[PDB]
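Below you'll find only one chain, the form deposited in one PDB entry, shown as structure tokens.
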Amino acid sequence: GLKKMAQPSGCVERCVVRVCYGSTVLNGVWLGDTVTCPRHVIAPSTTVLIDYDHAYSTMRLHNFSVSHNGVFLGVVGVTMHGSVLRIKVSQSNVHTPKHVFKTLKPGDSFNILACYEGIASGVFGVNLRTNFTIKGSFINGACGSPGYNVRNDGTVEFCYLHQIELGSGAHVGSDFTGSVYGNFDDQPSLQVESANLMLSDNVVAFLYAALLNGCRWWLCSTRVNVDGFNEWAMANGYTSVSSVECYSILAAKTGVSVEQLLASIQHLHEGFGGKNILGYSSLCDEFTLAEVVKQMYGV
């Protein structure tokens, strides 16, 4: 059985703080003696385009309020890096987990801790889509909500800070270096993301999951090679498939080659009409290979 789940949030909850500048309130991430937050916190209230360079040049440190669970931290310095601020504070977070920073690539799964006024309210797993947006759930004040992964050694990978919701409802964030994923503008605008592709690697992972639940009515007997599929993928709204050698685990447990699943993707590209696969009426690119392996085997 396949369920989208998040990794536990306790160690990240202990890093979320409330960052306020003037009347503007959002979330920051407190690691060591640095709070990273979206630079939107220093935006003037206006309907015109925001000049962040000018806002930064006119920034006053005393207008900041940074607090963790009601207790205020003293701000020592602030620098701007891309779309984020690094706020130096006089107190290091004693609960800072063993961590790294990691930039996501499309198809990567990670966890969002949705926060408001510095307090986590929900946690959920997401996938970074090919247009570099995620399908999250955020309302006003969620800016700065962190995204993370936890490695097997317990190292927390900090990979996302929520920035904006697009007119389509899709969500845009930055990494901890300040780069906005997909280079969207980190302010109100009419920008429209390009259309998503189906993440073929994940469709392949999903079909392997159905094979392990005895769901194989859709199993094609033919195989297509990667080059053939990738040519078909470009013409039909799918990404290229990365490699065959990753899925040996499920190839050796089914025992179906990925080329058989690639052929099956071509046959199942239109509707199932009207059957289902693991309850889905169309192909699902929600789950990665790592997720499927962890959920069926714990490895």
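For every residue, the number given is its place in the sequence shown, counted from 1. Here the rigid core means the biggest group of C-alpha atoms that line up within 1.5 Å when the two forms are laid on top of each other.
Unshown form deposited with a partner chain bound; subsequent notes refer to it.
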* Asked: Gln163: heavy atom within 4.5 Å of its partner chain in the bound PDB entry?
  -> yes
* Answer for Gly154 alone: is it within 4.5 Å of its partner chain in the bound PDB entry, judged on heavy atom distances? => no
* Does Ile50 reach its partner chain in the bound PDB entry, with heavy atoms at most 4.5 Å apart? -> yes
* Do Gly141 and its partner chain share at least one heavy atom pair within 4.5 Å in the bound PDB entry? -> yes
* Asked: Only one of 233-241, 248-256, 38-46, 54-62 gets a heavy atom within 4.5 Å of its partner chain in the bound PDB entry; which is it?
  -> 38-46
* Structure fact -> Picking from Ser109, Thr96, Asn196, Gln187, the single residue whose non-hydrogen atoms come within 4.5 angstroms of its partner chain in the bound PDB entry is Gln187
* Structure fact -> None of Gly167, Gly228, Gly77, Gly74 but one has a heavy atom within 4.5 Å of its partner chain in the bound PDB entry; the exception is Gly167
* Structure fact -> Looking at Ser92, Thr103, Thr222, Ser179 between the shown form and the other one with the core superposed, the single C-alpha displaced by 2 Å or more is at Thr222
* Residue shift check between the shown form and the other one, rigid core fit, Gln266 Cα at least 2 Å -> yes
* To do: Take the rigid core as the frame of reference and indicate whether the C-alpha of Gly255 shifts by 2 Å or more between the shown form and the other one.
  => yes
* Take the rigid core as the frame of reference and indicate whether the C-alpha of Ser65 shifts by 2 Å or more between the shown form and the other one. => no
